[PDB]
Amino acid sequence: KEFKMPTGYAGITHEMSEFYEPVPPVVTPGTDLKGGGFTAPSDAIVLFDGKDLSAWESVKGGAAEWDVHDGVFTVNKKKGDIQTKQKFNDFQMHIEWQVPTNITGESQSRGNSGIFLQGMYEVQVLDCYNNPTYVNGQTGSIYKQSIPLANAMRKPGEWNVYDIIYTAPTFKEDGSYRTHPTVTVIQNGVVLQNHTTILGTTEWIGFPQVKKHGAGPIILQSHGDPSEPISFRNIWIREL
């Protein structure tokens, strides 16, 4: 039978390592979307949940003129990229995307879009379901920098779920990186980028570039190839 409270090295007690502040904020999490992932938690900014693109704007200025219908929105390649009105630093993000069942094209010209983190660093979106391409630029790559850990594609018609955790960089006075950005990317529950260091801007041509910036929007890419446009749904973001 026990007769006294146990103590540790030099008499330390369990209470001495029990703290009551800072209190983590209470968040009511979202629910599961059929064929998708989590909907927005109570402290998240809802960027899209089926109604409109009022949280977005054209990169050319003015309203975001992608097509909203049936609880999704669809890229209009004649209108170009759209971006969040709001700018971000560290964040967690959710976004779901669908390659249409009538998709055509090969390699980089088949359902190409992308999520530009702070407007600088592309997380590639592409139909890589039975579509080979260069591996450092396939789905879930940090475009042309970091090869994804897997190909976790769902087929056209189904929804590919991204969960993204992003840490923004800091810059020195002279414009060079003080700390690089880092990103974790999970696609359909599969980790594709595991705390990957971002080397600089994602570039189609040449080495990544070091360009000082502060907070930036999320930019969704209108890739001007002729492939049928992809659709998006259930986009939310919460600042970390």
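The numbering used is simple: start at 1 and walk along the sequence shown.
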Which has the higher mean CA temperature factor in the PDB entry, 58 to 66 or 198 to 206? 58 to 66
Of 231 to 239 and 1 to 9, the one with larger mean CA B-factor: 1 to 9
Test of reading the entry: by CA B factor among the chain's modelled residues, which third contains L33? highest
For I186, return the chain-relative third of its C-alpha B-factor as stated in the PDB record: lowest, middle or highest. lowest
Can you work out whether the C-alpha temperature factor of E106 puts it in the lowest, middle or highest third of the chain? highest
Chain thirds by Cα B factor, record data; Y129 belongs to the highest
Among the chain's modelled residues, which third holds the C-alpha B-factor of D81? highest
